[PDB]
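Chains as they are written, first to last, in PDB author numbering: chain e, 16 to 24, 37 to 63; chain X, 318 to 422; chain Y, 11 to 389; chain V, 55 to 136, 160 to 498; chain Z, 261 to 291.
In this text, a Cβ means the ideal position worked out from N, Cα and C, and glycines have one as well.
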Amino acid sequence: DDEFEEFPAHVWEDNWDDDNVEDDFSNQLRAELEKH
Amino acid sequence: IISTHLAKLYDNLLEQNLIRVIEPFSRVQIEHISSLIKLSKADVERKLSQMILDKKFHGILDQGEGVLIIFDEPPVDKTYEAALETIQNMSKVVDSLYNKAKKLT
Amino acid sequence: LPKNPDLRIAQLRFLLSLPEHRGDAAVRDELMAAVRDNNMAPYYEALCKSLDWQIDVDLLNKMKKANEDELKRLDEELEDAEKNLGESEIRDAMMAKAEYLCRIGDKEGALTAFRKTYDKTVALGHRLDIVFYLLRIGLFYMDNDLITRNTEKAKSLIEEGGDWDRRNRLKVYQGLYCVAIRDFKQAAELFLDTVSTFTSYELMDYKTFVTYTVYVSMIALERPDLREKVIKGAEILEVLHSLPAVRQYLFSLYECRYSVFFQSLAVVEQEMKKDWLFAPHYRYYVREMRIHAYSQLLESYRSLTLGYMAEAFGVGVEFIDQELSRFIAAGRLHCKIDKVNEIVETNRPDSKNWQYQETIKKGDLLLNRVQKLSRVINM
Amino acid sequence: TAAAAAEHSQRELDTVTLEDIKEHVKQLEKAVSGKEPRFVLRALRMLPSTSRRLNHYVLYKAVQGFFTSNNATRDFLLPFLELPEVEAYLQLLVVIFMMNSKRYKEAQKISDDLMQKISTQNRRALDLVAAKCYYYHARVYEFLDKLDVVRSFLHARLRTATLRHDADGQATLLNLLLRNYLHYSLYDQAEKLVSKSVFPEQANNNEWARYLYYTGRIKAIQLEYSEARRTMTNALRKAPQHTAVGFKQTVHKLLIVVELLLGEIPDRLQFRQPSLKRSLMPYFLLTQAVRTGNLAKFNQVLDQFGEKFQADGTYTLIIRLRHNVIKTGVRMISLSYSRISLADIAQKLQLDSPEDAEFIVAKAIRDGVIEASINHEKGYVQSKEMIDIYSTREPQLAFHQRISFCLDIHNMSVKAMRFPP
Amino acid sequence: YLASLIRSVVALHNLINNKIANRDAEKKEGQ
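This is the structure:
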């Protein structure tokens, strides 16, 4: 088919939230219960 | 061997009594139901939540004013179902038409 | 089948190759013991190079000399077999040579020897055994390309002809690979299909297999199927009787005792992050289980208050609000917060509403395809 | 002599390519002789492949052996190589090979010869070849780096090709003219021309994609974000799949920017795409920074990747970014809440004051990105009382648009149904 | 809407068949 030579040129399905950096849920829960 | 069966019987009887006492209503106070059934508010609330989640009767709780909105859910419209599977069939037919045309022309 | 290679070695190596865990020295003792027993010079060298460890030159040289002696003996036996013995014993000698190369850990040498052995051999059973060796090596080295190539090969061999046992073992290998590549749905399917007849003891122990099946099944199965095929699963219950934590975790989720469920989820995250196969999936698994618990609790409510959510989940209202906001924003929950008078309304779409939205989406896809077809062809 | 064997194989390939050129030429004769002023499109469909496979000796032998009907115009081809449509198509191949050789001066001389010839011959079945020549001449002047007289000349050619009710030529001229205006940053004039012109509703898919891309660029820089985004998504859909990597990359970049401006988040699948991962990685960093809402990360990524930002062109849009970074923050705050208070909004968005948060939510109302009310008597932003949208005319309108589209597809198909006898 | 979608798909299939038949006929006539 026609081509646009005019314009110069994991194995999963990742998700946006995955890259977010946060503490491990175990540590989060430990903190929550310590302050609760 | 006896405790497990008796507990299961207790749960079944509680379910049946809840159904019987909740049938003559459309919006009740969990407090009123608990008073009718002679149990505790927390236990009746948890049992009702489990029943609703398992789809034993058509109702949704509300832990605010303390209500159990029971009703009848309209049957799922089968027309949209059949339409969706027909849409899938036509999508794969369009795939076949691609395989024909884009490769023979 | 034999543990050649033994995936316990990969387990220990990966566990060592992690922060805040290097130097425990129990992993070091066990790994060094196994390496010395199996005389793995290439693997020892690779580990030391990658992880910057000291080298005990004395034992390294001793076991290298032993390895060279064994390799020369195997080559001499193969030469004798070729000179005098027939193709059957030539294939047997090649099989033994590949076994020994895998035992010492010669990745590329073992691969080449196995390729030659497979090309020469014609027996269906021996071909299955060779491809299973290839798959086990592929899992050992976490090479997705080789793993999938050999998986396709083994499936083709089974289709051409195979028996019940090798079919089950292929099922288990497929489940392991799916767990590796985050196909938890297919992993649950395969593990639950093959749980009653687990035989691949070379990959793990039955208890580890059952724990993997429980985790995967719970993350991949709805409430009805979970109850039918796990809570009411004979073998799963039998093994969970010996495993007192996984039983707690699964039954907490099922019976909706959510505080215990969150505690169990924390411990399971820690165990699964320590694990080697699930290692690049613990964050995703915990996120999915948090969403699962929130959805299960909100499935039977229309207006749930953050106070009650915090009480049920054994957490604070601030934490519940944060998590609910994040998940609602990501679109993984049907519920709207109301902070002035702390409440969570449940805006679940009616059956007809959801059917209409699904029709709109599917029709948009199909209509885009149809437009592409029409505009491409009419010109 | 491996060189001799390779030369003989190359000459066999040359014979095959000459036979292909003969096939295309005879298709041109069939088209002109018969009705259906087409099949020139069939001949051109292999034009990219033929141009790629062209060779110096191939073209030299072609010019030597052809153009025998009349005229001595081969004197303009033989020294540099050392009919109504056939001359145009062979000559177009010649100029394409000259461009491949990169000799822009005689490339433009020969192109001007083409252009005079086509202007002289006022035929109707030559319009497609004329459009291809126009595109390649715009390209040769781009390579020469002039792109100055192209504006005026292609403008006149567009006037002629719209006075004549042509579609392919109109689309090609409009695309090239808009490209010139953009390359020279004449966005105002481009907007005026697109507003006062009409794109041929039935035009080649590639030209449609180009026109949507350019129009989306105009709208984005013109403060029409919704229109820019929808047009750009449509352009991406129209674009080819297994080619046009550069065009797809540019469309993806600008679409990602315009989405971020609208206040949404691009799909991670775009970035995950192997053909676009490395190219779009800077925009992946930008998307991560905006989603995190971290001004420090935004600034450091901007400083790091300013180079690509002139390479493509987004600075005004990239500060409008910061604007819509705070806009996206407020949009999500209103999306995952129903009755949040102004103090809570300020706390969650790190805004200095509740009054500032109030101004920001009012501007969110401007942009329509929260579709929510507010009450300052008690100080909280109520949301629109969500309605079960099936007992209303929205489903009727959606189904009406889709039904009309389906009827139009059926009509166009049953009209394109053709019988050659 | 579902009815119209099916009708359009059928029409496109018919047009594809017609294009294939026309090209086959012209090719055979030429050769």
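- Annotated as proximal: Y128/Y and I140/Y, with beta-carbon spacing under 8 angstroms.
- With respect to the 8 angstroms criterion, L316/Y and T356/Y are not classified as neighbours on the basis of their beta carbons.
- One thing to note: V206/V has its Cβ within 8 angstroms of the Cβ of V94/V.
- Rounded to the nearest whole angstrom, the C-alpha separation of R358/Y and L401/X is 20 angstroms.
- Our two residues, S262/Y and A303/Y, have alpha carbons roughly 10 angstroms apart in a direct line.
- Among the residues of the segment 461-488 of chain V, those with a Cβ less than 8 angstroms away from any Cβ of chain Y are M463, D465, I466, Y467, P472, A475, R479, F482, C483 and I486, in the order of the chain.
- At a cut-off of 8 angstroms between beta carbons, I266/Z makes no contact with chain Y.
- Taking the C-beta atoms as reference points, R379/Y is found nearer than 8 angstroms to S408/X.
- In the three-state reduction of the DSSP assignment, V38/e falls in the coil class.
- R236/V sits exposed, since fewer than 16 C-beta atoms from the chains shown fall within 10 Å of its C-beta.
- As summarised for the segment 310-363 of chain Y, the continuous beta strand (DSSP E) elements at least 3 residues long and confined to that stretch are 346-348 and 353-355, given in chain order.
- The count of Cβ pairs closer than 8 angstroms, one atom from the segment 457-469 of chain V and one from the segment 407-424 of chain V, reaches three, so the stretches are in contact.
- No Cβ of chain Z is located within less than 8 angstroms of the beta carbon of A85/V.
- Chain-order list of chain V residues neighbouring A339/Y: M409, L412 and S413, by C-beta distance under 7 angstroms.
- Annotation note: the segment 335-387 of chain V contains the following uninterrupted alpha helix (DSSP H) runs of length 4 or greater, listed N- to C-terminal: 345-349, 351-369 and 372-381.
- Taking each of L231/Y, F142/Y and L149/Y in turn and checking the Cα distance to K163/Y, the smallest one comes out for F142/Y.
- Sequence-ordered contacts of the segment 259-277 of chain Y with chain e read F272, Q273, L275, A276 and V277 [C-beta pairs closer than 8 angstroms].
- The contact set of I157/Y on chain e, defined by CB atoms closer than 9 angstroms, is empty, because the minimum CB distance reaches about 10 angstroms.
- Relative to the Cα of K13/Y, the nearest Cα in the group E55/Y, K93/Y, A340/Y and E109/Y belongs to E109/Y.
- Taken in chain order, the members of the segment 383-401 of chain X whose beta-carbon sits within less than 8 angstroms of a beta-carbon on chain Y are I386, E390, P391, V393, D394, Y397, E398, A400 and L401.
- By the neighbour-count criterion, in which 16 or more other beta carbons inside 10 Å mark a residue as buried, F271/Y falls on the buried side.
- Between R18/Y and chain e, the shortest Cβ-Cβ separation is not below 8 angstroms.
- When C-beta atoms of the segment 326-340 of chain V are compared with those of the segment 385-396 of chain V, three or more pairs fall below 8 angstroms, so the two segments count as touching.
- Inclusion of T204/Y and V182/Y in the CB contact set at 8 angstroms is warranted, their separation being smaller than that value.
- Distance from the CA atom of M73/Y to the CA atom of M104/Y, rounded to whole angstroms, is 23 angstroms.
- Taking every protein chain shown into account, the CB of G96/Y has fewer than 16 other CB atoms within 10 angstroms, so this residue is exposed.
- Burial check for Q193/V: the Cβ neighbour count within 10 Å stays below 16, so the residue is exposed.
- Straight across, the Cα-Cα distance linking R106/V with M100/V is about 10 angstroms.
- Taking a Cβ-Cβ threshold of 8 angstroms, the residues of chain e close to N154/Y are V38, in chain order.
- Sixteen is the threshold: since fewer than 16 other Cβ atoms of the shown chains lie within 10 Å of the Cβ of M358/V, the residue is exposed.
- The beta carbon of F120/V lies closer than 7 angstroms to those of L167 in the same chain, with the five residues before and after it left out.
- At least one beta carbon of chain V lies nearer than 8 angstroms to the beta carbon of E18/e.
- Sequence-distant Cβ neighbours of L72/V in its own chain, meaning closer than 8 angstroms and more than five residues away, are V112, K115 and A116.
- Here the C-alpha atom of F496/V lies approximately 30 angstroms from the C-alpha atom of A286/V.
- Shown here, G376/X sits in a strand according to DSSP, grouped into three states.
- Look at the segment 348-380 of chain Y: the residues with a C-beta under 9 angstroms from a C-beta of chain Z are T369, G373, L376, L377 and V380.
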